[PDB]
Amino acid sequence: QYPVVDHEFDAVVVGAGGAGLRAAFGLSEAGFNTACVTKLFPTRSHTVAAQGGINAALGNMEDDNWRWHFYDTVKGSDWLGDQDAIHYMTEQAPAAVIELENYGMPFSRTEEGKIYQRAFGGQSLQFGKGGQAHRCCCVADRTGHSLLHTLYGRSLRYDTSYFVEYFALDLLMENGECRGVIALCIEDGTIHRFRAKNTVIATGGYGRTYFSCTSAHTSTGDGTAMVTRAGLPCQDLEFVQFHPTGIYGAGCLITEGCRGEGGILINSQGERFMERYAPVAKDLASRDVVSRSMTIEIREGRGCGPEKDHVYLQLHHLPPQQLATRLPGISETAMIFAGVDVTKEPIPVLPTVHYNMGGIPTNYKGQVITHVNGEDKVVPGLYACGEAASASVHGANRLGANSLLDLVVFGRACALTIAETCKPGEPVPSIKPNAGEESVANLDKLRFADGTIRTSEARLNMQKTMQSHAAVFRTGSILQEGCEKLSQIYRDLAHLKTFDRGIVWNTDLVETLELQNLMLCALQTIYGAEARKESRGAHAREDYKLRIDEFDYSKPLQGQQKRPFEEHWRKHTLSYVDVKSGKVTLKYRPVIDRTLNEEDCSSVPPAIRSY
């Protein structure tokens, strides 16, 4: 009933955001016959909406050191970051940004002609001792727009084979190795199997598990769901980042660059309250701390607007020429989506779901790992990078301007690792003649679903549940009710209802597939949350307010009994789902503390984390 088209490549890259594009043409540049499968035309990917910039220790504004950036990130991750990946990411950052400028990325410029860099949240000089860093490289407040358009422009020079508006359905697994992906061609309704020696998953995040997010409608955790359906673990999915300043109402992002250029958060009584919550960093503290502070002001009665449900981001004290040069994008967006003239009046903002710290666990080389009897084991032929991956360079809380960096550093890493491990033209592995049939069986079932709960109605129930139960602050009983409700919704997917019985551009069907995907991500996110009985980074349990490491690092370690692995929480969550039932199983794996080179870059031991 469905005609299947078979393809053979050296490498298939799923996703064409910043990470997938960089991975894909890096592979072609390395001589690999490479397919890139994307459900969007590449420049529509959520990366296009990125704003404030990309970190790299170029030293264009003051003397810098990539090791300071390493330190910032490790402290930002709240010691759930793998420090070997962070070493790799922050040491590669200057070269990676320079690679982008040399591609033609139209960076804003200094008087010396070099890439202009701005301050951003949680970044410092001298390993936390030397004051505010200025290492966020940017194209005004449109950095992601230019990054993606530059990467897409660059990709056109190579023989990469693009499969645009193809929806990836599942991985093709055999004996623990990935053999490729199966996908739906949205333009003509045909099923396509992409056989390849190496598959790279760069499918972005899943902010749309919630009711309010900065994410595109297309951030539905598709590659994450595919890993889950492959019987593989996802990692740290409970760590969801609330960006401090999504615009009130529409939820659009207002860059942290506003605060990096001088903007301040004020409440209903005019107080710049971050001076009280984070006396040093103020409005440039880490996002988990700012988002938590904003939330406390609102629920403690100092919220702004007629409903007392948001706070103000004030920019008008800043010279209007600086606003026009540094923040044009949010200047137009604030007028469109809030009728606000930023040179006269503040922007209404509240913490908004923005970014997924968790994802597909990889090593620092991009290789997806599983974890069996206390040992990380690379999943052969499978890679992940970008927001869909958990490398984990962000651990429990990402620094602003570190994601776009992650994208191009680890996208390239995936290409480099395949190139140092495989040769082009090596025999593409066979797949059984009916590989992927179950993906088609599922798609067909949705296409003709005639139950009692339409897709929009289940999706809204998921989003409201996540919003009310897995928010900035959490507690056990509310998380448990969120778990119960979400498992109920998952069972109710049996009563799903579609109407479009076509196959060509059936977005009714495609969005029901996305709902299946979101649901698998949401189920792991909230059950992970309920079981993590500690507070770390963006995961704040008001019933477990302390960070629980293997030592109490607030006191001298001299004479301390190390806590057993099972009795502390400085460990990654690993989550599995029995897709048939929706049952979530959890396991844990240690955080990597070693760097790539101890003499070049010290491992940073866990410490009290304050801004």
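The numbering used is simple: start at 1 and walk along the sequence shown.
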property	result
Of 558 to 566 and 49 to 57, the one with larger mean CA B-factor	558 to 566
Entry-level comparison of average CA B-factors, 306 to 314 and 331 to 339, reporting the higher stretch	306 to 314
Candidate residues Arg44, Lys583, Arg67, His572, the one whose C-alpha B factor the record puts highest	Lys583
Top residue by Cα temperature factor, when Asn517, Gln488, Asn356, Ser77 are compared in the entry	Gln488
Chain thirds of CA B-factor: placement of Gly231	middle
Third of chain Cα B-factors occupied by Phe273	highest
Modelled-residue ranking by C-alpha temperature factor, third containing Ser286	middle
Cα B factor band for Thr452 (lowest, middle or highest third within the chain)	highest
CA B-factor placement of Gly144, once the chain's modelled residues are sorted into thirds	lowest
